[PDB]
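Structure file target_32.cif with mmCIF, C-alpha atoms:
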```
data_work
loop_
_atom_site.label_atom_id
_atom_site.label_comp_id
_atom_site.auth_asym_id
_atom_site.auth_seq_id
_atom_site.Cartn_x
_atom_site.Cartn_y
_atom_site.Cartn_z
CA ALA V 1 83.39 2.98 -8.77
CA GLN V 2 83.15 0.26 -6.17
CA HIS V 3 79.42 0.83 -5.66
CA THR V 4 76.33 1.39 -7.77
CA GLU V 5 74.21 4.50 -7.64
CA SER V 6 70.50 3.93 -7.13
CA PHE V 7 68.56 7.10 -8.23
CA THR V 8 67.99 8.06 -4.57
CA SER V 9 71.69 8.34 -3.81
CA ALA V 10 71.81 12.13 -3.98
CA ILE V 11 68.37 13.20 -2.76
CA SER V 12 69.48 13.91 0.82
CA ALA V 13 67.30 14.72 3.81
CA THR V 14 66.94 18.40 2.97
CA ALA V 15 65.69 17.88 -0.55
CA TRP V 16 63.50 15.08 0.71
CA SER V 17 61.90 17.40 3.22
CA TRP V 18 61.46 19.96 0.45
CA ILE V 19 59.70 17.54 -1.87
CA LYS V 20 57.75 16.23 1.13
CA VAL V 21 56.50 19.57 2.38
CA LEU V 22 55.70 20.72 -1.14
CA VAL V 23 53.65 17.67 -2.15
CA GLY V 24 52.03 17.56 1.28
CA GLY V 25 51.13 21.23 1.04
CA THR V 26 49.54 20.78 -2.35
CA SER V 27 47.70 17.64 -1.25
CA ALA V 28 46.36 19.36 1.86
CA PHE V 29 45.44 22.46 -0.14
CA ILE V 30 43.40 20.43 -2.65
CA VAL V 31 41.89 18.56 0.27
CA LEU V 32 40.82 21.93 1.64
CA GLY V 33 39.19 22.83 -1.66
CA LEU V 34 37.37 19.49 -1.85
CA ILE V 35 36.31 19.77 1.77
CA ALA V 36 34.83 23.22 1.33
CA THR V 37 33.01 21.97 -1.76
CA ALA V 38 31.45 18.92 -0.17
CA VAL V 39 30.60 21.00 2.88
CA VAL V 40 28.79 23.51 0.69
CA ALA V 41 26.77 20.73 -0.97
CA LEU V 42 25.77 19.26 2.39
CA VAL V 43 25.00 22.72 3.71
CA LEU V 44 22.71 23.39 0.79
CA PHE V 45 20.86 20.09 1.21
CA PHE V 46 20.13 20.99 4.80
CA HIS V 47 19.38 24.51 3.52
CA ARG V 48 16.54 23.28 1.35
CA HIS V 49 15.58 20.55 3.82
CA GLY K 1 39.46 -24.62 2.77
CA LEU K 2 39.19 -21.87 0.20
CA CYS K 3 35.93 -23.42 -1.03
CA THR K 4 34.36 -23.59 2.44
CA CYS K 5 35.84 -20.28 3.62
CA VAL K 6 34.46 -18.67 0.45
CA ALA K 7 31.04 -20.36 0.34
CA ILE K 8 30.63 -19.69 4.08
CA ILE K 9 31.47 -15.99 3.78
CA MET K 10 29.22 -15.73 0.75
CA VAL K 11 26.29 -17.30 2.60
CA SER K 12 26.89 -15.15 5.66
CA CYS K 13 27.28 -12.07 3.48
CA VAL K 14 24.05 -12.66 1.59
CA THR K 15 22.16 -13.28 4.82
CA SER K 16 23.63 -10.16 6.38
CA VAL K 17 22.82 -8.10 3.29
CA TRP K 18 19.28 -9.45 3.17
CA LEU K 19 18.88 -8.70 6.84
CA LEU K 20 20.16 -5.17 6.34
CA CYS K 21 17.80 -4.66 3.44
CA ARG K 22 14.90 -5.87 5.58
CA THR K 23 15.85 -3.71 8.53
CA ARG K 24 16.03 -0.74 6.17
CA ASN K 25 12.60 -1.47 4.71
CA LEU K 26 11.16 -1.51 8.19
CA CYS K 27 13.00 1.70 9.07
CA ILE K 28 11.91 3.71 6.05
CA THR K 29 8.41 2.34 5.38
CA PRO K 30 6.71 4.31 8.17
CA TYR K 31 8.17 7.58 7.00
CA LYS K 32 7.59 6.45 3.43
CA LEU K 33 3.88 6.22 4.18
CA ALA K 34 3.75 9.53 6.01
CA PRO K 35 4.50 12.06 3.27
CA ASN K 36 4.61 14.69 5.98
CA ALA K 37 6.63 14.26 9.13
CA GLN K 38 9.89 15.48 10.51
CA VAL K 39 12.26 12.59 9.96
CA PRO K 40 14.75 11.76 12.65
CA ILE K 41 17.76 13.07 10.79
CA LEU K 42 20.00 10.47 12.36
CA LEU K 43 17.58 7.84 11.05
CA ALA K 44 17.16 9.74 7.81
CA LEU K 45 20.93 9.56 7.37
CA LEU K 46 21.62 6.02 8.63
CA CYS K 47 18.98 4.72 6.20
CA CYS K 48 18.45 6.09 2.72
CA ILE K 49 15.93 8.92 3.20
CA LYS K 50 15.36 12.15 1.24
CA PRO K 51 14.50 14.52 4.11
CA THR K 52 12.13 17.47 4.39
CA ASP N 1 4.05 47.68 -15.79
CA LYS N 2 6.12 46.22 -12.95
CA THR N 3 7.13 43.01 -14.79
CA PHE N 4 8.45 43.03 -18.33
CA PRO N 5 8.14 40.55 -21.21
CA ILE N 6 11.54 39.58 -22.54
CA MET N 7 11.17 39.19 -26.30
CA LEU N 8 12.41 36.75 -28.87
CA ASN N 9 11.36 36.69 -32.52
CA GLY N 10 8.69 39.18 -31.50
CA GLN N 11 6.86 36.56 -29.45
CA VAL N 12 7.29 36.97 -25.70
CA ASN N 13 9.31 34.00 -24.54
CA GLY N 14 9.24 34.70 -20.86
CA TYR N 15 7.98 37.44 -18.62
CA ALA N 16 10.95 38.44 -16.48
CA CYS N 17 10.52 40.51 -13.39
CA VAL N 18 11.74 43.01 -10.83
CA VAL N 19 11.84 41.75 -7.27
CA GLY N 20 12.94 43.57 -4.17
CA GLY N 21 15.97 45.34 -5.57
CA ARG N 22 17.08 43.10 -8.41
CA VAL N 23 15.64 42.31 -11.77
CA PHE N 24 15.49 38.55 -12.06
CA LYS N 25 15.13 36.48 -15.16
CA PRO N 26 15.38 32.71 -15.79
CA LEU N 27 18.48 31.50 -17.55
CA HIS N 28 16.70 29.26 -19.98
CA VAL N 29 14.56 32.06 -21.36
CA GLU N 30 16.64 33.83 -24.04
CA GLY N 31 15.54 37.32 -24.90
CA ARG N 32 15.84 41.04 -25.00
CA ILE N 33 14.03 42.57 -22.11
CA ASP N 34 11.42 44.95 -23.48
CA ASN N 35 12.41 47.87 -21.26
CA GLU N 36 15.44 49.80 -22.51
CA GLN N 37 16.23 50.89 -18.95
CA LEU N 38 16.96 47.24 -18.17
CA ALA N 39 17.69 45.74 -21.58
CA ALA N 40 21.46 46.13 -21.15
CA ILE N 41 22.22 45.95 -17.43
CA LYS N 42 24.68 43.05 -17.16
CA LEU N 43 23.23 39.96 -15.53
CA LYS N 44 24.96 37.85 -12.89
CA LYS N 45 23.90 34.31 -13.56
CA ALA N 46 23.56 31.49 -11.05
CA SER N 47 22.58 28.14 -12.47
CA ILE N 48 21.82 26.51 -9.11
CA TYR N 49 18.62 28.61 -9.17
CA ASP N 50 18.13 28.95 -12.93
CA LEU N 51 18.08 32.70 -12.77
CA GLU N 52 20.07 35.82 -13.52
CA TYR N 53 20.10 38.86 -11.27
CA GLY N 54 20.92 42.48 -11.75
CA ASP N 55 20.57 45.81 -10.02
CA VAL N 56 17.87 48.14 -11.31
CA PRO N 57 18.75 51.78 -12.16
CA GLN N 58 18.91 54.12 -9.19
CA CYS N 59 15.89 55.95 -10.64
CA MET N 60 13.92 52.76 -11.32
CA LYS N 61 14.69 51.72 -7.72
CA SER N 62 11.47 52.87 -6.04
CA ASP N 63 9.07 50.74 -8.05
CA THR N 64 10.46 47.41 -6.97
CA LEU N 65 8.10 44.63 -5.87
CA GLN N 66 8.45 43.78 -2.21
CA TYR N 67 8.92 40.21 -1.03
CA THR N 68 8.84 38.10 2.10
CA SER N 69 9.76 34.58 3.15
CA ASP N 70 6.70 34.14 5.40
CA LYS N 71 4.01 32.46 3.30
CA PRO N 72 1.34 30.59 5.28
CA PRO N 73 -0.73 28.09 3.27
CA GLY N 74 -3.64 29.68 1.50
CA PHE N 75 -4.62 31.68 -1.55
CA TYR N 76 -2.13 33.80 -3.49
CA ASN N 77 -2.82 35.69 -6.71
CA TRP N 78 -1.14 35.36 -10.08
CA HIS N 79 -1.66 36.93 -13.49
CA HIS N 80 -3.40 33.87 -14.83
CA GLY N 81 -5.55 33.56 -11.73
CA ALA N 82 -5.28 32.15 -8.25
CA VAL N 83 -2.53 29.88 -7.02
CA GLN N 84 -2.97 27.79 -3.89
CA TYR N 85 -0.26 26.97 -1.35
CA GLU N 86 -0.78 23.68 0.42
CA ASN N 87 1.57 21.01 1.73
CA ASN N 88 4.62 23.11 0.75
CA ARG N 89 3.84 23.39 -2.96
CA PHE N 90 2.19 25.95 -5.17
CA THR N 91 -0.58 24.65 -7.38
CA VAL N 92 -2.59 26.15 -10.24
CA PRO N 93 -5.76 24.83 -11.95
CA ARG N 94 -5.04 22.73 -15.01
CA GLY N 95 -4.18 23.96 -18.46
CA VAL N 96 -3.43 27.57 -17.49
CA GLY N 97 0.26 28.33 -18.04
CA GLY N 98 2.98 27.03 -20.31
CA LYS N 99 5.68 28.21 -22.66
CA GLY N 100 5.64 31.96 -22.09
CA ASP N 101 4.64 31.86 -18.45
CA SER N 102 8.20 31.50 -17.16
CA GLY N 103 9.36 33.99 -14.58
CA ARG N 104 6.18 35.79 -13.73
CA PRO N 105 5.87 36.62 -10.01
CA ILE N 106 3.47 35.03 -7.53
CA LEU N 107 2.21 37.71 -5.14
CA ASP N 108 0.45 37.62 -1.77
CA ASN N 109 -2.62 39.51 -0.56
CA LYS N 110 -0.60 42.51 0.56
CA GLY N 111 0.91 42.45 -2.96
CA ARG N 112 4.46 41.21 -2.30
CA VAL N 113 6.20 38.57 -4.36
CA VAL N 114 6.64 35.22 -2.65
CA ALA N 115 7.78 33.27 -5.67
CA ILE N 116 8.88 33.38 -9.29
CA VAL N 117 7.83 30.49 -11.41
CA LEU N 118 10.15 28.47 -13.59
CA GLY N 119 8.11 25.48 -14.67
CA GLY N 120 5.30 23.08 -14.16
CA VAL N 121 3.66 19.77 -14.40
CA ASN N 122 -0.02 19.25 -14.92
CA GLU N 123 -1.02 16.62 -12.39
CA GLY N 124 -4.67 15.63 -12.69
CA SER N 125 -7.05 18.44 -12.03
CA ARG N 126 -4.25 20.78 -10.97
CA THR N 127 -0.68 21.81 -11.85
CA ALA N 128 2.32 21.91 -9.52
CA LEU N 129 4.70 24.80 -10.25
CA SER N 130 8.48 24.57 -9.99
CA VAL N 131 9.33 27.84 -8.33
CA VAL N 132 11.99 29.82 -6.42
CA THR N 133 11.00 30.52 -2.84
CA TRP N 134 12.57 32.29 0.08
CA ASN N 135 12.88 29.56 2.71
CA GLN N 136 11.86 29.93 6.32
CA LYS N 137 15.12 31.77 7.10
CA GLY N 138 14.78 33.97 4.00
CA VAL N 139 17.36 32.02 2.00
CA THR N 140 16.37 31.46 -1.60
CA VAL N 141 15.74 27.85 -2.61
CA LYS N 142 14.48 26.24 -5.80
CA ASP N 143 11.50 23.96 -5.09
CA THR N 144 10.63 21.66 -7.97
CA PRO N 145 8.19 18.78 -8.34
CA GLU N 146 9.49 15.72 -10.08
CA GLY N 147 9.47 15.77 -13.83
CA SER N 148 8.89 19.49 -14.06
CA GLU N 149 9.75 21.17 -17.28
CA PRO N 150 11.25 24.53 -18.17
CA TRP N 151 8.28 26.63 -19.13
#
```
Represent the supplied structure as structure tokens.
Amino acid sequence: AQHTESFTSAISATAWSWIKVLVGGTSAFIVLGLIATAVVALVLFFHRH
Amino acid sequence: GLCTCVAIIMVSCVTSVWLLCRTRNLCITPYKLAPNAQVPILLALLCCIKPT
Amino acid sequence: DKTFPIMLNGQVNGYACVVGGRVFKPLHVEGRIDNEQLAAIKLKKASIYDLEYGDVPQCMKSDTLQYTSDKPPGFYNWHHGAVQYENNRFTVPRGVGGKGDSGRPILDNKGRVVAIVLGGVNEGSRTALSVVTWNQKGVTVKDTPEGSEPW
């Protein structure tokens, strides 16, 4: 071979978008869970007070 | 330069922190001395205050 | 009677109670209820309020202490005497209540439960009770003075 592979050399745009959307979906979904949890804590503090 | 850009920021930071502590004490002390009141929730938030 | 002593080692650990449609009992008190018709109905715990709730049998249903979230400051009764409601706190004269007093209701003058006690501190000539109240919208909320202990 006249070149050197680099561990990204096969990923391709499509598989990149797949890994992207997947990780992004999970990150957003956890962020949802965390958001609903903090919002419930704040809601309860105003609920008492 | 480092020494007089680090001592300066430290002096300014300590003054600003001390000033913010003082301004908080003045903010909270009146409510602190009225056990009963409705706190201004924006002022309850912006300062440390455990509202009612 | 319309509130039942849950039992442990024979020696009533906590009086649990029947409020408005649901038997309630504090989580920290560990005991058999002393009323077979309740002693097995599964309890739905919620630690944010230190209590366990459960539906009473459909026959039991029409004995169930009323409640209401509107409690103007004043005198309310209690098994061990009068409790006083001032400055958004329930207070009891000193030395009355302790281990065994958990979970008994606090009733108003028309006889409806306004609160279920979970603890206390003796503070000078009185005692502040840590209690579960129905807040001004009717939402339940646990009100506790600082340092209060599980009775």
Selection dump of the PyMOL selection byres ((chain K) within 12 of (chain V)), as a VMD selection string: chain K and resid 38 to 39 41 44 to 45 49 to 52
Dump as a PDB file, in the coordinates of the input, selection limited to C-alpha atoms:
```
ATOM      1  CA  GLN K  38       9.890  15.480  10.510  1.00  0.00           C
ATOM      2  CA  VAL K  39      12.260  12.590   9.960  1.00  0.00           C
ATOM      3  CA  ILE K  41      17.760  13.070  10.790  1.00  0.00           C
ATOM      4  CA  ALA K  44      17.160   9.740   7.810  1.00  0.00           C
ATOM      5  CA  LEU K  45      20.930   9.560   7.370  1.00  0.00           C
ATOM      6  CA  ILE K  49      15.930   8.920   3.200  1.00  0.00           C
ATOM      7  CA  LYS K  50      15.360  12.150   1.240  1.00  0.00           C
ATOM      8  CA  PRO K  51      14.500  14.520   4.110  1.00  0.00           C
ATOM      9  CA  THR K  52      12.130  17.470   4.390  1.00  0.00           C
TER      10      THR K  52
END
```
For the file shown, report as a PyMOL selection string the outcome of the PyMOL selection byres ((chain N) within 12 of (chain V)) at residue level. chain N and resi 48-49+88+132-144
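In this structure, atom CA of residue 69 of chain N sits 12.8 Å away from atom CA of residue 19 of chain N.
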Just the residues within 7 Å of residue 117 of chain N, please, counting all atoms listed in the file, with nothing from its chain fewer than 4 positions along; format it as a PyMOL selection string. chain N and resi 102-105+129-132
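Of the residues under consideration (N:94, N:71, N:25, N:79), N:25 shows the shortest atom-to-atom contact distance to residue 38 of chain N when counting all atoms listed in the file.
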Residue hits in chain K, query chain N, radius 12 Å, only C-alpha atoms, as a PyMOL selection string: chain K and resi 35-37+52
Given the selection you just returned, output its residues as a file containing C-alpha atoms, formatted as a PDB file, in the coordinates of the input.
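Done, and the output landed in out38.pdb:
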```pdb
ATOM      1  CA  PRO K  35       4.500  12.060   3.270  1.00  0.00           C
ATOM      2  CA  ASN K  36       4.610  14.690   5.980  1.00  0.00           C
ATOM      3  CA  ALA K  37       6.630  14.260   9.130  1.00  0.00           C
ATOM      4  CA  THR K  52      12.130  17.470   4.390  1.00  0.00           C
TER       5      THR K  52
END
```
Write out as a ChimeraX atom specification each polymer residue whose atoms come within 7 Å of residue 56 of chain N, counting all atoms listed in the file; drop sequence neighbours fewer than 5 positions from it. /N:21-23,38,61
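Coordinates place atom CA of residue 128 of chain N at a distance of 6.9 Å from atom CA of residue 89 of chain N.
What separates atom CA of residue 5 of chain K from atom CA of residue 20 of chain K is a distance of 21.9 Å.
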To test your reading of the syntax: which residues would the PyMOL selection byres ((chain N and resi 74) around 7) return for the file shown? Reply as a PyMOL selection string. chain N and resi 72-73+75-76+84-86
Would you kindly return, as a ChimeraX atom specification, each protein, DNA or RNA residue with an atom no farther than 8 Å from any atom of residue 28 of chain K, considering all atoms listed in the file and excluding same-chain residues fewer than 4 positions away? /K:24,32,47-49
Print the selection's residues with C-alpha atoms to a file, as a PDB file, keeping the file's coordinate frame.
```
ATOM      1  CA  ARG K  24      16.030  -0.740   6.170  1.00  0.00           C
ATOM      2  CA  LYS K  32       7.590   6.450   3.430  1.00  0.00           C
ATOM      3  CA  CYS K  47      18.980   4.720   6.200  1.00  0.00           C
ATOM      4  CA  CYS K  48      18.450   6.090   2.720  1.00  0.00           C
ATOM      5  CA  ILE K  49      15.930   8.920   3.200  1.00  0.00           C
TER       6      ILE K  49
END
```
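Nearest to residue 62 of chain N of all the residues N:121, N:46, N:33, N:18 is N:18, counting all atoms listed in the file.
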Can you report as AutoDock Vina command-line options the centre and edge lengths in Å, to one decimal, of an axis-aligned box around the listed atoms of segment 6-20 of chain V padded with 5 Å on each side?
```
--center_x 64.8 --center_y 11.9 --center_z -2.2 --size_x 24.1 --size_y 26.0 --size_z 22.0
```
